[PDB]
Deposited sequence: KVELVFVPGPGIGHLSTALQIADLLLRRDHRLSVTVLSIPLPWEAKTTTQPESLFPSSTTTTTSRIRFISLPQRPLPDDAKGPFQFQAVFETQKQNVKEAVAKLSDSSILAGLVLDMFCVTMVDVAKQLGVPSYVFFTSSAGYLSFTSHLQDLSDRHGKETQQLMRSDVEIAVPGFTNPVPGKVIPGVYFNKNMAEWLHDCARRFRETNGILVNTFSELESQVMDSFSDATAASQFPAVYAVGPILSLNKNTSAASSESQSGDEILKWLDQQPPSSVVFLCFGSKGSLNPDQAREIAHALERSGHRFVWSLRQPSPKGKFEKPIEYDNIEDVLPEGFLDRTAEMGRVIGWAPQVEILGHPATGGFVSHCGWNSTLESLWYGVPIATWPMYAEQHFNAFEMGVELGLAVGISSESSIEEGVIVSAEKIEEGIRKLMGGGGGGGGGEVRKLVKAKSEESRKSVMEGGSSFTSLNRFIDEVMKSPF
């Protein structure tokens, strides 16, 4: 018996992405088995595994780790730190019954690389952001450790950073804003240090999207300067409630609209809009003239790092008469069925926060994106997709890291997105490349095979 142990990152999004690649690995090598270790959050996994076939399910096991006690920005980090001993024991126990081919860790979970080192087991990272961001975050840690450049000092409008694999200088203004906090800067640098200790890094991208970055990693690996990096994506989650029923209503409305005529606006799992920003969007949407599906959520009260909620009364928040005047032009919704909308033939553009899964989803369906970065590494993602790759346009977002984007600037971005024609052509060609990369013979298909072959040595 030969086992890979997965420790997914927090959230059903990260669980789902991890289980998609777990299924892929099991289908690509019948000798492989997988055990998934899930970590409880003190506030079901088998459901998200796409297989329905006993040739595959007989080879995967799911274990929930024993819940643990302990007394913020480091909340999830602390829970995973309390679970290291449980992971170590679970992994040690499994290795009594199997050849332990490796511990596969979500990039958030790389504190567990220590556990693999202590047991003498190979470690691998499942890196769920872009290859370019892997290069950027590693280079920031390297500058800080080897050249004494503390990251806070680079976070300036007059600073440019030479990132391996990038033609364009990377502005210090797109360093993720959380690096200004010294505790969090050190945590992220330490993640990057741990990446370098592993036996290989799976990245959710395809090499034709990020070819110069992937070449830079290939060179570094050949010089023993970095682990092997495997571009194996796009790994996407493409397959009762009333939020699911409002989703069918939107799709039904989308069915009656003309092809590529609807602008979709959606801002990820933690994004939200304050009332004044929402009113500026509304004004811009009404003035733009294009059909729209607008996912609109309010920030959680008493908790900026809580999950966003829906607006109780959108009629009191939005401009007077907006919903009446736009009743046949567009729809406003809460949580959205995003992939169904992006894959719908009526959808013509995507105003996106540029989270990496939203970026890959829009690329997969060939929908051009107008960028509106908000948190995490979204500002860098918008720079890579816009300035470096030329696949996206910006939504007049000069502010990069409490400044509102005016209706004039939003309408200017929608005009570029929908009125340009050259970018849409580049997005369609890249979309075709994304579909072929994961098919037989494609770059991500063969890179996944190469990873499996390394693992099975």
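Engineer: Tell me which segments of the deposited chain sequence are not represented by C-alpha atoms in this structure.
Structural biologist: Absent from the structure are positions 44-49, 78-81, 250-254, 417-418, 437-442, 481-483.
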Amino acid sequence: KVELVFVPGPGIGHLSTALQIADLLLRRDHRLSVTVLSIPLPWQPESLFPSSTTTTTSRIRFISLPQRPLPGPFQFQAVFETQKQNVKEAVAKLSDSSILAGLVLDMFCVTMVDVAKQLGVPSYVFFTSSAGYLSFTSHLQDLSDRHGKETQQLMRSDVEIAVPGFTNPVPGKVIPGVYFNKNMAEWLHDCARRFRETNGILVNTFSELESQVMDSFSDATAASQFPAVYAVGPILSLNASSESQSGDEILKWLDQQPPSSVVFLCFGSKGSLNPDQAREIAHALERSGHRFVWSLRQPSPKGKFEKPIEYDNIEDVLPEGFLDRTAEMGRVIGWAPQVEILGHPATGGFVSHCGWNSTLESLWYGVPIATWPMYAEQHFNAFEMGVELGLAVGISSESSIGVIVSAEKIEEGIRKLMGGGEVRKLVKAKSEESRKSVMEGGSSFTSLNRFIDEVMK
From here on, numbers count along this sequence of modelled residues.
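Engineer: So, looking at the entry's B-factor column for Cα atoms, which has the higher mean, 356-364 or 162-170?
Structural biologist: According to the entry, 162-170 carries the higher average C-alpha B-factor.
Engineer: When the Cα temperature factors in the entry are averaged, is it 256-264 or 207-215 that ends up higher?
Structural biologist: So the stretch with the higher mean C-alpha B-factor is 256-264.
Engineer: Highest Cα B-factor in the PDB entry belongs to which of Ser246, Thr151, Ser130, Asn181?
Structural biologist: It is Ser246.
Engineer: Compare the CA B factors listed in the entry for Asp114, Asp316, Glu280, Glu384 and report the winner.
Structural biologist: That would be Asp316, according to the entry.
Engineer: If you rank every modelled residue in this chain by C-alpha B factor, which third holds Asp312: lowest, middle or highest?
Structural biologist: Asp312: CA B-factor falls in the highest third of its chain.
Engineer: Should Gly394 be placed in the lowest, middle or highest third of its chain by the C-alpha B factor in the entry?
Structural biologist: For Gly394, whose C-alpha B-factor we compare with every modelled residue in the chain, the answer is the middle third.
Engineer: Split into thirds by Cα B-factor across the chain's modelled residues, where does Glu412 land: lowest, middle or highest?
Structural biologist: For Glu412, the deposited C-alpha B-factor lands in the middle third.
Engineer: Going by the CA temperature factor in the PDB record, which third of the chain does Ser33 belong to: lowest, middle or highest?
Structural biologist: For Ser33, whose C-alpha B-factor we compare with every modelled residue in the chain, the answer is the middle third.
Engineer: Ordered by C-alpha B-factor within the chain, which third holds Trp372? Give me lowest, middle or highest, please.
Structural biologist: CA B-factor rank for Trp372: lowest third.
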